[PDB]
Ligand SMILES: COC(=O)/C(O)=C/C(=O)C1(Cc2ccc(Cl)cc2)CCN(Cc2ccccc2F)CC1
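Next comes just one chain, in structure tokens: the form solved without the ligand.
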């Protein structure tokens, strides 16, 4: 694994806590993006990582005049356009629920009123992989309708190994 190799080299060279904390955050971000890619492959949807809300709206509603709607500058991992409803996608890889509750509050407060003014049915969807158990949790009723089964095959072992290696240096 080329990414694994880069991380191992960073872990070998690291000597301070600030850099060590940066490596760990980079491992988690790589694991998050790994899950996002595998999730999009399993659902047969286009993979994106980070898209702006105004770009989503311009994608699904090409003739929109954005200025009329006070569209905040806000990023999400991905979206699904069904032809009649917009699903905002956030991927998570976590054993807890807290980051889901923070993100859900943020997107429901920032995205849903704009889309309501536009008149486009929208749902905030958070798909979370537990990295310890490999269980998938979904927030988002219409997402669970469209995707009752998620044939993801996930292996987080490489990320656990790198984090353990970094932690074994303390």
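Numbering follows the first chain given and starts at 1.
Per the PDB record, of the two stretches 44 to 52 and 119 to 127, 44 to 52 carries the greater mean B-factor over its C-alpha atoms. Higher mean CA temperature factor between 73 to 81 and 95 to 103: 95 to 103, per the PDB entry.
If you look for the form deposited with the ligand bound, you will not find it shown, but the lines that follow are about it.
Think of it this way: in the bound PDB entry, the ligand has a heavy atom of just one of 64, 120, 28, 60 within 4.5 Å, and the residue is 28.
Among 108, 137, 50, 70, the residue placing a heavy atom within 4.5 Å of the ligand in the bound PDB entry is 50. Contact between residue 79 and the ligand in the bound PDB entry is not found at the 4.5 Å heavy atom cutoff. Residues 90, 91, 92, 106 of 84 to 109 are found to place at least one heavy atom within 4.5 Å of the ligand in the bound PDB entry.
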